[PDB]
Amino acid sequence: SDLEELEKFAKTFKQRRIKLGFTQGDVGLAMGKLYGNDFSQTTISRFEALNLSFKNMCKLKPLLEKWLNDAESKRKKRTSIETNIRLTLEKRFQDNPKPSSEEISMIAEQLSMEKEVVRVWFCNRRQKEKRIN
């Protein structure tokens, strides 16, 4: 079984990590140093608990397997949005949930943010409003 193979691998990976004294964050950083693709402590945690989708585990397994084999021998950084800035965006959302591209650019300029971050903030916020009904 593919699912059972992922279960057994996650277990073997976790055991070897712990046997060597690595934290989850350590091994995520190690994978960036050695193979150029760092992952967060959060992701390592989810992988070891099988709290990722099937496709997602199948994607990461060969990367984690490179480190395990040694042990047995690209995305942009997540932008932090200040509380007062988030509240400014939220109050705008309440009366204009879908600003135009021009307005998005103006908001970014006024708030000293990147236009793409503001664009994506509104996209995600619309999706949230759907999720929470």
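Residues carry their position along the shown sequence, with the first being 1.
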Q. Just how many deposited residues go unmodelled from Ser73 to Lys74: none, 1 to 3, 4 to 9, or 10 or more?
A. 10 or more
Q. Comparing 91 to 99 with 64 to 72, which has the greater mean CA B-factor as deposited?
A. 64 to 72
Q. Hey, which bit's got the bigger mean C-alpha B factor in the entry, 75 to 83 or 45 to 53?
A. 75 to 83
Q. If you rank the chain by CA B-factor, which third does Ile107 end up in: lowest, middle or highest?
A. middle
Q.
Per the entry's values, where does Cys58 land by CA temperature factor relative to the rest of its chain, in the lowest, middle or highest third?
A. middle
Q: Rank-wise, by C-alpha B-factor, drop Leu29 into the lowest, middle or highest third of its chain.
A: lowest
